[PDB]
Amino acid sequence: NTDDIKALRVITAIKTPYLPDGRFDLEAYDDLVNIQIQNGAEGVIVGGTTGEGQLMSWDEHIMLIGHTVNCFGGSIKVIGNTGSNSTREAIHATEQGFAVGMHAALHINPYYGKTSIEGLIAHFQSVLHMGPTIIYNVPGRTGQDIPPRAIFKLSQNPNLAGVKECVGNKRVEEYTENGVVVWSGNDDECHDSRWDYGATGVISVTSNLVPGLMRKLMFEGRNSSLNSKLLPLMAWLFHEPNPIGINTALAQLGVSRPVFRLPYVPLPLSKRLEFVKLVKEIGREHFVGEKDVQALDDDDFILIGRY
């Protein structure tokens, strides 16, 4: 049902944690999803950008979606990231994700092998009939800005739930004034996006760390002092490209093992020490996990290319 996707305000693009040889750590993963549920997260993107969907083989990506649905699907909406720059891969991944019971699909436009606007419509029309879909526009990553006129055309399909928008609040505004549901994809804009530009909520990286605070920010009104308390954390999280920050942070909080699939590599020690300061400034009680935050040594990290 599309309405139940359009109602969600806090959707976590959840991190995918790894065992020391690079396989998925399902125990760590299930603990992360439980913590999100317990703090009032309402949806999860499985294998999004933050979840390193880009480094999974399809078999592990589908498995992670079916696993999430099977263990948690009665307590949180499960949105599979089954988009691709290849229409073939997007069709197969999407019908398989819905077949295993996911509630919605996140679809990016084709990245790297960008196409024409007419190719864009054709790509999205190949999958939009399969179930509730969120379209993801992030031109800083894909190389291509999905134009509003393509979204207005696609939003004729009742399966289109809305758009995860990264271009900025002026774009959010153009959609929401025209009746298209939008989730901000920029944590550091999502407060204003919510309260001033009609965004329904956020598809967040930062809620991997402080889900209770992100939920407060999306449900309890303007609170620019809470927003600006979170801004240093968000800036830290994006000092290098996502998910490098979140991968480093979750290892420091002891909820994830310090294992990276290449090409990502941890933030250096000076940044890690900054994170230890942010956690003390904001308060450890707001962060996921129970263990004391650690700086970690460089020697603690495992980088794997053959996963």
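Residue numbers here begin at 1 and follow the sequence given.
- According to the PDB record, 280-288 carries the higher mean C-alpha B-factor of the two stretches 10-18 and 280-288.
- Legend: mean Cα B-factor per stretch from the PDB entry, 295-303 versus 20-28; the higher mean is in 295-303.
- Highest CA B-factor among the listed residues (134, 100, 218, 226): 226.
- When the C-alpha B factors of 107, 123, 222, 164 are read from the deposited coordinates, the top value falls at 222.
- In this PDB entry, the Cα temperature factor of residue 79 sits in the bottom third of its chain's modelled residues, the lowest group.
- Residue-level temperature factors show residue 251 in the middle third of its chain, judged at the C-alpha atom.
- The entry lists a Cα temperature factor for residue 119 that places it in the lowest third of the chain's modelled residues.
- Annotation for residue 158: C-alpha temperature factor in the highest third relative to the rest of the modelled chain, per the entry.
- Placement of the Cα temperature factor of residue 187 within the chain: highest third of the modelled residues, per the deposited record.
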